[PDB]
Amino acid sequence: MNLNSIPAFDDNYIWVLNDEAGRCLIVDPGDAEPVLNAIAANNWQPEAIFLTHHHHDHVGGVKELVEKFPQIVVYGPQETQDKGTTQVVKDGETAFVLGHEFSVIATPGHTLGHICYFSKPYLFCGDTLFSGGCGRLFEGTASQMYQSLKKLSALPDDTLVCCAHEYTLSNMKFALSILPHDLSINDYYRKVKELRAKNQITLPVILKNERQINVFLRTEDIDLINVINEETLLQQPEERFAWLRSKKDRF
């Protein structure tokens, strides 16, 4: 398969995988217009849409896409049944698309019903995991997001993190506000700053690298533990997650 990105709105990406014949899988199409344009420009043959969660910026384009291409199957969680899903998927299920079996992983936190899709190496993790960050907890608890990120981080090292928003630079500025001396975070911040200064996409990222630069994946890293403890004594990695997530909310 071949990966493509379609920008939408201010900072969304609509990921598309295509096979050699041009059949395609479209992930979280919040705006149909750039998707329809890309389908036509590339002569793609739409097969499926994957939805990760119910927010407008991920689902708004479904109706128009399926009107133009009624053959599309729309896979999504129960919380998207009223957003155009025609095949519900749940934790531990799979969807067979473009000749590949995608695993479905429930990741409550950003929304309660958020799911991620994985077919090695591609991880479509929506708004759960971002490069350098994680989703805001609009519906779920910090415990849920902590457990969700633990599952995603346990995927293979070569996983390509295909998240939905170009938030990487802001995420790294937050990281430096917590760990200003951390060399890996500083180096990745500079790389990202330069990509964005040239208007270049920062995604996808390799999970092995991501774990080293993402404070939300580092709650057992002694360096982060120690810096947090200079302000608030915390012994549980899950507590460090909630402390970080609340700090980021205010940043």
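Numbering starts at 1 and runs along the sequence shown.
For the two regions 215-223 and 61-69, the entry's Cα B-factors average higher over 215-223. Higher mean CA B-factor, judged across 37-45 and 50-58 from the recorded values: 37-45. Of all the options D127, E101, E166, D158, the entry's greatest CA B-factor is assigned to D158. In the PDB entry, a CA B factor belonging to the highest third of its chain's modelled residues is recorded for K208. For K120, the recorded CA B-factor ranks within the highest third of the chain. Only modelled residues enter the ranking.
In the deposited entry, the Cα temperature factor of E79 sits in the bottom third of values across the chain's modelled residues. Per-chain ranking of the deposited C-alpha B factor places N12 in the lowest third. Annotation for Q87: C-alpha temperature factor in the lowest third relative to the rest of the modelled chain, per the entry.
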